[PDB]
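Beneath this line is the structure, given in C-alpha cells, with notes to follow.
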Number of protein chains: 2
Amino acid sequence: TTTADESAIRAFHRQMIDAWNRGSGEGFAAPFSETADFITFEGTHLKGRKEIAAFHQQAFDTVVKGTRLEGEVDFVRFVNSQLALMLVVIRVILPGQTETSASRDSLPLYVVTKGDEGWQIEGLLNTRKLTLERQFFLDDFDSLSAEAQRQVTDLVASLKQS
Amino acid sequence: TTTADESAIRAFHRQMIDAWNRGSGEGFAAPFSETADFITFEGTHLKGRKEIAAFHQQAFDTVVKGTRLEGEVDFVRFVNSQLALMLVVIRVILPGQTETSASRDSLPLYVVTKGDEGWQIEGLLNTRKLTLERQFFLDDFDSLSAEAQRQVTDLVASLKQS
Ligand SMILES: [Mg+2]
Ligand SMILES: [Mg+2]
C-alpha cells in the first residue's frame, strides 16, 4: 500500500462534496464502480455508478436543490492492499440557512476496492447519525399514544408558522 | 463462490440476533475479525472482536437490558470470491413492550471478507433508518428556535407522565 492509494481514497470524499455543491450527479457518482451498492438514509438502494448519478442529479434538481454539504474524514483503514474502509462525517446546510441542520448529520461508511481499474467505491451506507439525546427523545415520542404524538406534531406545525 | 459461503454470511445475522437476545456479548462479537471496525448509531467506534464483545456485554447488562432484537436479510451480494456485502433489517422491542420502537429501526451494512480463517465480519456500520416523514419532522424541529424546541420537548415530557 502506498501514500498514493490513501490519497486516492480520501479524494473520493472531496469529489463528492464538491459535485453535490455544484449540483452534479455525474460528478457525485464518479468514484463508484459499475456494480456498487449505494444505500440512502431511508433505505433506497441504488445499483451502480449510472443509477447513483441519475438519482442524485434528479435530487439536486429538486428535493435537495440549494443545500450545501460539508464534511471530512473520520477514519481510513486498509484491510489489505486492495480493500479499504473509510468513514466520513457529513453535515448539511439547508437552503436559506447559514448553519447545518442536525437532522441531516451523517456518518457514511465507504467500502473501497482496488480492482483491475484501480480504486473504486463498491459500497456506501449513508445514514443519519443520532445523538443519544435525540435517540431518547425519539424513544419517548414512539412511546406516546398516537393521540399524544398528534399533539406533539401539531405543536411543531403551529410553531413553524409562527 | 458456494452456497456454503452464502449460508455462512447469512448465519452471522442470526448468531448476533440470538446472542443479543440471550445477553451474550461474546456471542454477538463472534462473527467479527480481530481487526474489525464496528460503528454504532451515535458514532462509537469499536475495534476488534474483543472490544465489540466487551462493549456489548456491558450494554446488555445495562442500557439495553431486556430489549429484544428481530431482523432479517435485506440483501447479500458477492463483490468477489472473498468479499461480500450484506444489508440487514433490524428492529428493537424495548423492555415491557410488545411492539418494536421505530426510534430503533436499523439497517446495518456488514462488510465480510474470506481470509485465511474463512468468513469474518471486517466492518459494520449500524445506523438508524429514518422514514421520510420522520426526517421532515426532524428538519422542522431543527428549524425552530431553541425556545420553541423547548416547548416541544416540555410537551413530550408532560405527555409521558401522563
Ligand atoms: Mg403505541
Ligand atoms: Mg436555530
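Please note that chains go A, B, ... in the order of the C-alpha cells, that every chain numbers its residues from 1, and that ligands are numbered from 1 in the order shown.
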Fit chain B to chain A, using all C-alpha atoms paired in sequence order for the least-squares superposition, and then show me the result as a short mmCIF file (atom, residue, chain, number, x, y, z; two decimals) with N, CA and C atoms, in the first residue's frame.
```cif
data_model
loop_
_atom_site.label_atom_id
_atom_site.label_comp_id
_atom_site.auth_asym_id
_atom_site.auth_seq_id
_atom_site.Cartn_x
_atom_site.Cartn_y
_atom_site.Cartn_z
N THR B 1 0.86 -1.23 0.00
CA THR B 1 0.00 0.00 0.00
C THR B 1 0.87 1.24 0.00
N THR B 2 0.41 2.23 -0.74
CA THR B 2 1.07 3.48 -0.84
C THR B 2 0.30 4.68 -0.23
N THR B 3 1.06 5.76 -0.17
CA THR B 3 0.56 7.08 0.09
C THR B 3 -0.43 7.44 -1.03
N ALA B 4 -0.12 7.00 -2.24
CA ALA B 4 -0.94 7.27 -3.42
C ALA B 4 -2.34 6.64 -3.30
N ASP B 5 -2.35 5.41 -2.80
CA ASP B 5 -3.58 4.66 -2.55
C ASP B 5 -4.45 5.45 -1.57
N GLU B 6 -3.85 5.85 -0.46
CA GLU B 6 -4.59 6.53 0.56
C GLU B 6 -5.12 7.90 0.09
N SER B 7 -4.29 8.63 -0.64
CA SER B 7 -4.69 9.92 -1.20
C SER B 7 -5.89 9.74 -2.16
N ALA B 8 -5.89 8.66 -2.94
CA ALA B 8 -6.97 8.40 -3.92
C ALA B 8 -8.29 8.15 -3.20
N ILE B 9 -8.26 7.38 -2.12
CA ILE B 9 -9.49 7.05 -1.38
C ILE B 9 -10.08 8.29 -0.70
N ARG B 10 -9.18 9.08 -0.11
CA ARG B 10 -9.57 10.29 0.59
C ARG B 10 -10.19 11.27 -0.36
N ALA B 11 -9.68 11.30 -1.59
CA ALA B 11 -10.11 12.27 -2.59
C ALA B 11 -11.56 12.06 -3.02
N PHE B 12 -11.99 10.82 -3.02
CA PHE B 12 -13.40 10.47 -3.24
C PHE B 12 -14.38 11.36 -2.41
N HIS B 13 -14.03 11.71 -1.17
CA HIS B 13 -14.99 12.38 -0.27
C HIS B 13 -15.08 13.84 -0.72
N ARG B 14 -13.96 14.37 -1.17
CA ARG B 14 -13.91 15.73 -1.68
C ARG B 14 -14.62 15.83 -3.06
N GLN B 15 -14.37 14.85 -3.94
CA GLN B 15 -15.02 14.77 -5.27
C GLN B 15 -16.54 14.84 -5.13
N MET B 16 -17.04 14.12 -4.13
CA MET B 16 -18.48 14.04 -3.87
C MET B 16 -19.07 15.30 -3.25
N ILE B 17 -18.37 15.82 -2.25
CA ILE B 17 -18.80 17.05 -1.56
C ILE B 17 -18.87 18.15 -2.59
N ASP B 18 -17.82 18.28 -3.40
CA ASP B 18 -17.77 19.38 -4.38
C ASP B 18 -18.81 19.22 -5.50
N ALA B 19 -19.04 18.00 -5.95
CA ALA B 19 -20.06 17.73 -7.00
C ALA B 19 -21.47 17.99 -6.49
N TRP B 20 -21.73 17.61 -5.25
CA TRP B 20 -23.03 17.88 -4.65
C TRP B 20 -23.19 19.38 -4.70
N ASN B 21 -22.18 20.08 -4.23
CA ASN B 21 -22.27 21.52 -4.11
C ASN B 21 -22.41 22.24 -5.44
N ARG B 22 -22.07 21.61 -6.54
CA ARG B 22 -22.29 22.27 -7.82
C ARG B 22 -23.41 21.59 -8.56
N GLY B 23 -24.09 20.68 -7.88
CA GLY B 23 -25.28 20.04 -8.42
C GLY B 23 -25.00 19.06 -9.53
N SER B 24 -23.87 18.37 -9.45
CA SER B 24 -23.53 17.41 -10.49
C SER B 24 -23.67 15.97 -10.11
N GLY B 25 -24.68 15.31 -10.67
CA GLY B 25 -24.93 13.91 -10.37
C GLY B 25 -23.84 13.01 -10.89
N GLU B 26 -23.36 13.29 -12.09
CA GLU B 26 -22.25 12.51 -12.64
C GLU B 26 -20.97 12.69 -11.83
N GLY B 27 -20.72 13.88 -11.37
CA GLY B 27 -19.54 14.14 -10.53
C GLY B 27 -19.61 13.34 -9.24
N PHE B 28 -20.82 13.25 -8.71
CA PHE B 28 -21.03 12.66 -7.39
C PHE B 28 -20.84 11.14 -7.44
N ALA B 29 -21.26 10.56 -8.57
CA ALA B 29 -21.23 9.11 -8.84
C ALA B 29 -19.88 8.60 -9.36
N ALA B 30 -19.00 9.52 -9.74
CA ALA B 30 -17.77 9.18 -10.47
C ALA B 30 -16.93 8.17 -9.71
N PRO B 31 -16.78 8.32 -8.38
CA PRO B 31 -15.88 7.36 -7.69
C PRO B 31 -16.38 5.96 -7.63
N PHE B 32 -17.65 5.77 -7.98
CA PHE B 32 -18.30 4.46 -7.82
C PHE B 32 -18.09 3.51 -8.98
N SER B 33 -18.05 2.22 -8.65
CA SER B 33 -17.93 1.18 -9.65
C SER B 33 -19.27 0.98 -10.34
N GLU B 34 -19.24 0.20 -11.41
CA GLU B 34 -20.47 -0.09 -12.14
C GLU B 34 -21.39 -1.04 -11.42
N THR B 35 -20.89 -1.68 -10.35
CA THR B 35 -21.69 -2.63 -9.59
C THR B 35 -22.03 -2.17 -8.15
N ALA B 36 -21.55 -0.99 -7.78
CA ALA B 36 -21.64 -0.52 -6.41
C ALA B 36 -23.05 -0.44 -5.85
N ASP B 37 -23.14 -0.77 -4.56
CA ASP B 37 -24.35 -0.58 -3.75
C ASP B 37 -24.28 0.72 -3.00
N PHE B 38 -25.26 1.58 -3.26
CA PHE B 38 -25.43 2.82 -2.50
C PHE B 38 -26.78 2.73 -1.77
N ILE B 39 -26.74 2.86 -0.45
CA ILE B 39 -27.95 2.80 0.41
C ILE B 39 -28.14 4.14 1.10
N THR B 40 -29.24 4.79 0.77
CA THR B 40 -29.60 6.10 1.31
C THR B 40 -30.19 5.94 2.70
N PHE B 41 -30.45 7.08 3.34
CA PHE B 41 -30.76 7.14 4.79
C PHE B 41 -32.12 6.52 5.12
N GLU B 42 -32.98 6.49 4.12
CA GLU B 42 -34.33 5.96 4.32
C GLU B 42 -34.46 4.53 3.68
N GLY B 43 -33.34 3.99 3.23
CA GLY B 43 -33.30 2.61 2.73
C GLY B 43 -33.44 2.47 1.22
N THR B 44 -33.25 3.54 0.46
CA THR B 44 -33.24 3.42 -1.02
C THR B 44 -31.95 2.78 -1.44
N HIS B 45 -32.06 1.82 -2.33
CA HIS B 45 -30.89 1.12 -2.89
C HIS B 45 -30.63 1.48 -4.34
N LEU B 46 -29.47 2.08 -4.58
CA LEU B 46 -29.01 2.39 -5.93
C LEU B 46 -27.91 1.47 -6.33
N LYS B 47 -28.01 0.96 -7.55
CA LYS B 47 -27.07 -0.07 -8.01
C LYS B 47 -26.22 0.45 -9.16
N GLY B 48 -24.94 0.74 -8.90
CA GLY B 48 -24.03 1.18 -9.95
C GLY B 48 -23.93 2.65 -10.19
N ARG B 49 -22.76 3.04 -10.68
CA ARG B 49 -22.45 4.43 -10.97
C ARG B 49 -23.59 5.20 -11.69
N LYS B 50 -24.17 4.57 -12.70
CA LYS B 50 -25.16 5.28 -13.55
C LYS B 50 -26.43 5.60 -12.81
N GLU B 51 -26.96 4.60 -12.10
CA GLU B 51 -28.13 4.80 -11.22
C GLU B 51 -27.83 5.84 -10.14
N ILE B 52 -26.65 5.73 -9.53
CA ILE B 52 -26.27 6.68 -8.48
C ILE B 52 -26.28 8.09 -9.10
N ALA B 53 -25.74 8.24 -10.31
CA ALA B 53 -25.71 9.58 -10.94
C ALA B 53 -27.11 10.11 -11.27
N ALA B 54 -27.98 9.21 -11.74
CA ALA B 54 -29.33 9.57 -12.22
C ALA B 54 -30.18 9.99 -11.04
N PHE B 55 -30.12 9.19 -9.99
CA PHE B 55 -30.83 9.52 -8.75
C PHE B 55 -30.40 10.86 -8.17
N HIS B 56 -29.09 11.09 -8.07
CA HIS B 56 -28.58 12.32 -7.47
C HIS B 56 -28.79 13.55 -8.36
N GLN B 57 -28.68 13.42 -9.67
CA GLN B 57 -28.99 14.58 -10.47
C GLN B 57 -30.44 15.03 -10.18
N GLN B 58 -31.34 14.08 -10.22
CA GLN B 58 -32.75 14.40 -10.01
C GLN B 58 -32.95 15.09 -8.67
N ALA B 59 -32.23 14.63 -7.66
CA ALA B 59 -32.37 15.13 -6.30
C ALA B 59 -31.82 16.55 -6.21
N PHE B 60 -30.67 16.75 -6.84
CA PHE B 60 -30.01 18.06 -6.82
C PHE B 60 -30.90 19.10 -7.54
N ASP B 61 -31.71 18.61 -8.46
CA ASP B 61 -32.62 19.47 -9.22
C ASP B 61 -33.94 19.72 -8.47
N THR B 62 -34.21 18.92 -7.44
CA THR B 62 -35.48 19.03 -6.71
C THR B 62 -35.31 19.08 -5.17
N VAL B 63 -35.45 17.92 -4.55
CA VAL B 63 -35.56 17.80 -3.09
C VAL B 63 -34.34 18.24 -2.23
N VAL B 64 -33.15 18.37 -2.83
CA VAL B 64 -32.01 18.95 -2.10
C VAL B 64 -31.41 20.15 -2.85
N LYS B 65 -32.13 20.65 -3.84
CA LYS B 65 -31.68 21.88 -4.50
C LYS B 65 -31.35 22.97 -3.50
N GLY B 66 -30.18 23.59 -3.65
CA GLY B 66 -29.78 24.68 -2.81
C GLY B 66 -29.19 24.26 -1.48
N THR B 67 -29.18 22.97 -1.17
CA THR B 67 -28.45 22.51 0.01
C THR B 67 -26.94 22.53 -0.25
N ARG B 68 -26.20 22.55 0.84
CA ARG B 68 -24.75 22.51 0.79
C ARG B 68 -24.19 21.44 1.71
N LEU B 69 -23.25 20.67 1.18
CA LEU B 69 -22.56 19.68 2.02
C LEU B 69 -21.24 20.22 2.51
N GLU B 70 -20.94 19.80 3.73
CA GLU B 70 -19.62 19.91 4.30
C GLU B 70 -19.28 18.59 4.97
N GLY B 71 -17.99 18.34 5.11
CA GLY B 71 -17.53 17.05 5.58
C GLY B 71 -16.03 16.89 5.63
N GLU B 72 -15.64 15.79 6.25
CA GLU B 72 -14.25 15.46 6.48
C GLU B 72 -14.09 13.99 6.85
N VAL B 73 -12.90 13.47 6.64
CA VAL B 73 -12.61 12.11 7.03
C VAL B 73 -12.70 11.90 8.54
N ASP B 74 -13.36 10.82 8.92
CA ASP B 74 -13.30 10.33 10.30
C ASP B 74 -12.18 9.27 10.48
N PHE B 75 -12.20 8.22 9.67
CA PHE B 75 -11.01 7.33 9.59
C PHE B 75 -10.93 6.64 8.21
N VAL B 76 -9.69 6.29 7.84
CA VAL B 76 -9.42 5.40 6.73
C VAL B 76 -8.59 4.23 7.29
N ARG B 77 -8.98 3.01 6.98
CA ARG B 77 -8.17 1.83 7.30
C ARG B 77 -8.09 0.86 6.13
N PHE B 78 -6.88 0.41 5.83
CA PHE B 78 -6.69 -0.66 4.84
C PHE B 78 -6.85 -1.99 5.51
N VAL B 79 -7.77 -2.77 4.99
CA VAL B 79 -7.94 -4.15 5.41
C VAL B 79 -6.79 -4.96 4.78
N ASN B 80 -6.55 -4.71 3.49
CA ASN B 80 -5.42 -5.28 2.79
C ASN B 80 -5.08 -4.35 1.68
N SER B 81 -4.20 -4.78 0.78
CA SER B 81 -3.69 -3.88 -0.25
C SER B 81 -4.72 -3.51 -1.32
N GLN B 82 -5.87 -4.15 -1.26
CA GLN B 82 -6.91 -3.98 -2.26
C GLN B 82 -8.27 -3.68 -1.66
N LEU B 83 -8.32 -3.42 -0.37
CA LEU B 83 -9.59 -3.20 0.28
C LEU B 83 -9.38 -2.22 1.42
N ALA B 84 -10.17 -1.15 1.41
CA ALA B 84 -10.17 -0.16 2.47
C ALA B 84 -11.60 0.20 2.95
N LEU B 85 -11.66 0.59 4.22
CA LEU B 85 -12.84 1.18 4.81
C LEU B 85 -12.59 2.61 5.16
N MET B 86 -13.54 3.44 4.82
CA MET B 86 -13.44 4.84 5.12
C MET B 86 -14.76 5.37 5.65
N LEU B 87 -14.67 5.95 6.84
CA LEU B 87 -15.82 6.59 7.50
C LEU B 87 -15.65 8.10 7.38
N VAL B 88 -16.72 8.76 6.98
CA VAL B 88 -16.69 10.18 6.70
C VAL B 88 -17.83 10.86 7.49
N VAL B 89 -17.54 12.05 8.00
CA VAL B 89 -18.53 12.90 8.66
C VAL B 89 -19.08 13.82 7.61
N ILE B 90 -20.41 13.88 7.49
CA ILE B 90 -21.06 14.82 6.55
C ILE B 90 -22.11 15.64 7.29
N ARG B 91 -22.18 16.95 7.01
CA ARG B 91 -23.25 17.80 7.52
C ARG B 91 -23.84 18.55 6.37
N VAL B 92 -25.08 18.98 6.56
CA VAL B 92 -25.88 19.62 5.51
C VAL B 92 -26.47 20.93 6.00
N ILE B 93 -26.21 21.98 5.22
CA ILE B 93 -26.90 23.27 5.37
C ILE B 93 -28.09 23.36 4.40
N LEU B 94 -29.27 23.54 4.96
CA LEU B 94 -30.47 23.59 4.16
C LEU B 94 -30.58 24.97 3.52
N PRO B 95 -31.24 25.05 2.37
CA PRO B 95 -31.26 26.34 1.63
C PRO B 95 -31.81 27.49 2.45
N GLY B 96 -31.16 28.63 2.37
CA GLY B 96 -31.59 29.80 3.10
C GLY B 96 -30.97 29.87 4.47
N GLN B 97 -30.28 28.80 4.86
CA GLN B 97 -29.71 28.72 6.21
C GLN B 97 -28.22 28.99 6.20
N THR B 98 -27.66 29.30 7.36
CA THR B 98 -26.25 29.51 7.43
C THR B 98 -25.58 28.43 8.26
N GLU B 99 -26.38 27.67 8.99
CA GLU B 99 -25.87 26.64 9.86
C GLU B 99 -26.36 25.28 9.37
N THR B 100 -25.66 24.22 9.79
CA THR B 100 -26.07 22.86 9.46
C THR B 100 -27.26 22.43 10.34
N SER B 101 -28.13 21.66 9.71
CA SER B 101 -29.25 21.03 10.37
C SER B 101 -28.85 19.67 10.92
N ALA B 102 -29.00 19.52 12.24
CA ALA B 102 -28.66 18.30 12.94
C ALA B 102 -29.42 17.08 12.39
N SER B 103 -30.61 17.36 11.91
CA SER B 103 -31.49 16.35 11.31
C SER B 103 -30.83 15.64 10.13
N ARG B 104 -29.80 16.27 9.56
CA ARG B 104 -29.13 15.74 8.36
C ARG B 104 -27.71 15.19 8.65
N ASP B 105 -27.32 15.17 9.92
CA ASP B 105 -25.98 14.72 10.27
C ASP B 105 -25.84 13.29 9.83
N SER B 106 -24.76 13.01 9.11
CA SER B 106 -24.50 11.68 8.57
C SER B 106 -23.04 11.22 8.80
N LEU B 107 -22.89 9.91 8.92
CA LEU B 107 -21.60 9.29 9.08
C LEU B 107 -21.44 8.13 8.07
N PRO B 108 -21.41 8.43 6.74
CA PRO B 108 -21.31 7.32 5.80
C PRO B 108 -20.05 6.41 5.89
N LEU B 109 -20.26 5.12 5.67
CA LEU B 109 -19.16 4.17 5.50
C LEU B 109 -18.96 3.83 4.03
N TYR B 110 -17.76 4.10 3.56
CA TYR B 110 -17.34 3.77 2.22
C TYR B 110 -16.56 2.45 2.23
N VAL B 111 -16.93 1.53 1.34
CA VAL B 111 -16.16 0.26 1.14
C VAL B 111 -15.48 0.41 -0.21
N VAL B 112 -14.15 0.49 -0.19
CA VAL B 112 -13.37 0.78 -1.39
C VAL B 112 -12.49 -0.42 -1.75
N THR B 113 -12.50 -0.77 -3.03
CA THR B 113 -11.73 -1.87 -3.52
C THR B 113 -10.76 -1.39 -4.61
N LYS B 114 -9.65 -2.09 -4.72
CA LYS B 114 -8.68 -1.78 -5.79
C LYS B 114 -8.70 -2.93 -6.74
N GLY B 115 -9.39 -2.73 -7.84
CA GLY B 115 -9.53 -3.76 -8.83
C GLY B 115 -8.63 -3.51 -10.00
N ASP B 116 -8.99 -4.15 -11.09
CA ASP B 116 -8.31 -4.04 -12.37
C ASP B 116 -8.14 -2.58 -12.75
N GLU B 117 -9.15 -1.77 -12.46
CA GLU B 117 -9.19 -0.36 -12.88
C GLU B 117 -8.75 0.62 -11.81
N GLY B 118 -8.27 0.09 -10.68
CA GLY B 118 -7.79 0.89 -9.58
C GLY B 118 -8.89 1.10 -8.57
N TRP B 119 -8.74 2.09 -7.69
CA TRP B 119 -9.67 2.24 -6.53
C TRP B 119 -11.03 2.69 -6.98
N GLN B 120 -12.09 2.04 -6.47
CA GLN B 120 -13.45 2.48 -6.70
C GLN B 120 -14.27 2.17 -5.45
N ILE B 121 -15.31 2.96 -5.23
CA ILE B 121 -16.26 2.68 -4.19
C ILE B 121 -17.20 1.59 -4.68
N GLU B 122 -17.31 0.55 -3.87
CA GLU B 122 -18.11 -0.63 -4.15
C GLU B 122 -19.36 -0.69 -3.27
N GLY B 123 -19.29 -0.06 -2.11
CA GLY B 123 -20.43 0.04 -1.22
C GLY B 123 -20.38 1.33 -0.43
N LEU B 124 -21.55 1.89 -0.19
CA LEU B 124 -21.68 3.05 0.70
C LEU B 124 -23.02 3.02 1.39
N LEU B 125 -22.99 2.99 2.71
CA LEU B 125 -24.19 3.06 3.56
C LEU B 125 -24.23 4.47 4.11
N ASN B 126 -25.22 5.23 3.67
CA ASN B 126 -25.35 6.61 4.16
C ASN B 126 -26.43 6.83 5.19
N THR B 127 -26.09 6.81 6.45
CA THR B 127 -27.15 7.02 7.41
C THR B 127 -26.99 8.21 8.30
N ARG B 128 -28.09 8.50 8.97
CA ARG B 128 -28.18 9.58 9.95
C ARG B 128 -27.51 9.18 11.25
N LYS B 129 -26.70 10.10 11.73
CA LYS B 129 -26.08 9.91 12.99
C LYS B 129 -26.92 10.58 14.06
N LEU B 130 -27.45 9.82 15.01
CA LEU B 130 -28.23 10.45 16.06
C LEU B 130 -27.39 10.66 17.30
N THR B 131 -27.55 11.79 17.96
CA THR B 131 -27.03 11.91 19.33
C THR B 131 -27.88 11.07 20.23
N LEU B 132 -27.31 10.75 21.39
CA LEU B 132 -28.00 9.99 22.43
C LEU B 132 -29.22 10.78 22.89
N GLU B 133 -29.08 12.08 22.95
CA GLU B 133 -30.20 12.91 23.40
C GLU B 133 -31.36 12.82 22.39
N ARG B 134 -31.04 12.87 21.11
CA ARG B 134 -32.08 12.76 20.06
C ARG B 134 -32.70 11.35 20.05
N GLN B 135 -31.87 10.34 20.28
CA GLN B 135 -32.36 8.96 20.38
C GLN B 135 -33.41 8.78 21.49
N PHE B 136 -33.12 9.31 22.68
CA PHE B 136 -34.03 9.22 23.81
C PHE B 136 -35.32 10.02 23.59
N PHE B 137 -35.21 11.19 22.96
CA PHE B 137 -36.38 11.98 22.52
C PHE B 137 -37.28 11.17 21.59
N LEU B 138 -36.68 10.48 20.64
CA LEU B 138 -37.45 9.65 19.68
C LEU B 138 -38.06 8.44 20.39
N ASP B 139 -37.33 7.85 21.33
CA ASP B 139 -37.82 6.72 22.08
C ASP B 139 -39.06 7.20 22.83
N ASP B 140 -38.94 8.38 23.44
CA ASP B 140 -40.05 8.95 24.23
C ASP B 140 -41.26 9.19 23.32
N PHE B 141 -41.01 9.85 22.19
CA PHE B 141 -42.06 10.09 21.23
C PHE B 141 -42.79 8.80 20.84
N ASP B 142 -42.04 7.75 20.49
CA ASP B 142 -42.64 6.49 19.99
C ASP B 142 -43.38 5.77 21.10
N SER B 143 -43.05 6.11 22.34
CA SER B 143 -43.72 5.50 23.47
C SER B 143 -45.08 6.15 23.73
N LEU B 144 -45.31 7.32 23.14
CA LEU B 144 -46.60 8.00 23.30
C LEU B 144 -47.68 7.35 22.42
N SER B 145 -48.93 7.44 22.86
CA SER B 145 -50.09 7.10 22.03
C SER B 145 -50.12 7.93 20.76
N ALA B 146 -50.87 7.46 19.77
CA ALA B 146 -50.99 8.19 18.52
C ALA B 146 -51.61 9.57 18.76
N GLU B 147 -52.46 9.66 19.78
CA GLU B 147 -53.17 10.92 20.03
C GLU B 147 -52.22 11.94 20.64
N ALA B 148 -51.40 11.46 21.57
CA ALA B 148 -50.33 12.28 22.18
C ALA B 148 -49.29 12.68 21.14
N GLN B 149 -48.90 11.74 20.28
CA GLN B 149 -48.00 12.07 19.16
C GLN B 149 -48.57 13.19 18.30
N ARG B 150 -49.87 13.11 18.04
CA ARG B 150 -50.52 14.13 17.21
C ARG B 150 -50.48 15.52 17.88
N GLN B 151 -50.64 15.58 19.19
CA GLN B 151 -50.50 16.85 19.92
C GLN B 151 -49.11 17.43 19.70
N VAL B 152 -48.14 16.54 19.63
CA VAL B 152 -46.74 16.96 19.52
C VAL B 152 -46.44 17.47 18.09
N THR B 153 -46.84 16.70 17.09
CA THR B 153 -46.67 17.11 15.72
C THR B 153 -47.48 18.36 15.40
N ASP B 154 -48.68 18.50 15.97
CA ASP B 154 -49.47 19.73 15.79
C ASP B 154 -48.77 20.98 16.36
N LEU B 155 -48.14 20.82 17.52
CA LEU B 155 -47.40 21.88 18.19
C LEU B 155 -46.22 22.29 17.34
N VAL B 156 -45.46 21.32 16.84
CA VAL B 156 -44.38 21.62 15.89
C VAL B 156 -44.89 22.42 14.68
N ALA B 157 -46.02 22.01 14.10
CA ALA B 157 -46.59 22.69 12.94
C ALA B 157 -47.03 24.11 13.28
N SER B 158 -47.61 24.27 14.46
CA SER B 158 -48.05 25.59 14.86
C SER B 158 -46.84 26.49 15.12
N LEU B 159 -45.77 25.94 15.68
CA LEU B 159 -44.52 26.74 15.91
C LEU B 159 -43.76 27.14 14.65
N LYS B 160 -43.84 26.34 13.61
CA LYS B 160 -43.09 26.71 12.42
C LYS B 160 -43.85 27.77 11.59
N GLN B 161 -45.03 28.16 12.03
CA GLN B 161 -45.80 29.21 11.35
C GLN B 161 -45.01 30.54 11.29
N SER B 162 -44.44 31.09 12.37
CA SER B 162 -45.04 31.46 13.67
C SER B 162 -43.97 32.06 14.57
#
```
Legend entry - In region 25-143 of chain B, DSSP strand (DSSP E or B) residues written as a ChimeraX atom specification: /B:32-39,45-47,68-80,83-93,100,106,109-115,118-125,128
Inset, instruction - Quick one: pick out all alpha helix (DSSP H) residues within chain B from a backbone DSSP run and write them as an MDAnalysis selection string. - result: chainID B and resid 3:21 25:29 48:61 132:143 146:159
